[PDB]
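1. build the 3D model from these lines:
(2 chains)
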Protein chains: 2
Amino acid sequence: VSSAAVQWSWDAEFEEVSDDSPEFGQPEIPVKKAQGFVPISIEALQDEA
Amino acid sequence: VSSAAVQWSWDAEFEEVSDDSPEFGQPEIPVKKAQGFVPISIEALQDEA
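-> Numbers count the residues shown, from 1 in each chain, chains lettered A, B, ... in the order given. Shown next is the protein structure:
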């Protein structure tokens, strides 16, 4: 959730106020994945060191 | 022995990975020979100090 402040004002006596309702925003963060593969022969596993 | 790292990827769902087996190299250093020679005469070997 993201928002801001309320905007005041220097007013006089007997004067209406200004509508100061703030606004919002929703930041969104999708999640992604990465990959990596290594195939190897049976002979290599039991021969190489 | 030398080689390089393995490549990764950002993949979507249900996507086959690609084989990423690194390649390898064999650095080799041969050994060489240097020589020198100087002849002297018998009279020279007897006279000079």
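2. contacts only, for the residue of chain A found nearest chain B.
-> Residue of chain A nearest chain B, by CB to the nearest CB: residue A:37 (4.0 Å). For the C-beta atoms, the positions are set from N, CA and C on the backbone; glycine is no exception. Going by CB atoms under 8 Å, 6 or more residues apart in numbering or on different chains, residue A:37 touches B:17-20.
3. what comes into contact with stretch A:23-36?
-> By CB under 8 Å, 6+ apart, stretch A:23-36 touches A:1-4, B:6-11, B:17, B:20.
4. with secondary structure, distance to residue B:42 and neighbour count as extra columns, can I get the residues you listed in JSON lines?
-> Listed next are these as JSON lines, based on DSSP: H, G, I helix; E, B strand; the rest coil; distance: CB to CB, whole Å; neighbours: other CB atoms under 10 Å in any protein chain shown:
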{"residue": "A:1", "secondary structure": "coil", "distance to residue B:42": "105", "neighbour count": "6"}
{"residue": "A:2", "secondary structure": "strand", "distance to residue B:42": "102", "neighbour count": "8"}
{"residue": "A:3", "secondary structure": "strand", "distance to residue B:42": "107", "neighbour count": "9"}
{"residue": "A:4", "secondary structure": "coil", "distance to residue B:42": "106", "neighbour count": "9"}
{"residue": "B:6", "secondary structure": "coil", "distance to residue B:42": "71", "neighbour count": "11"}
{"residue": "B:7", "secondary structure": "coil", "distance to residue B:42": "73", "neighbour count": "12"}
{"residue": "B:8", "secondary structure": "coil", "distance to residue B:42": "76", "neighbour count": "12"}
{"residue": "B:9", "secondary structure": "strand", "distance to residue B:42": "79", "neighbour count": "12"}
{"residue": "B:10", "secondary structure": "strand", "distance to residue B:42": "83", "neighbour count": "9"}
{"residue": "B:11", "secondary structure": "coil", "distance to residue B:42": "85", "neighbour count": "15"}
{"residue": "B:17", "secondary structure": "coil", "distance to residue B:42": "81", "neighbour count": "13"}
{"residue": "B:20", "secondary structure": "coil", "distance to residue B:42": "73", "neighbour count": "15"}
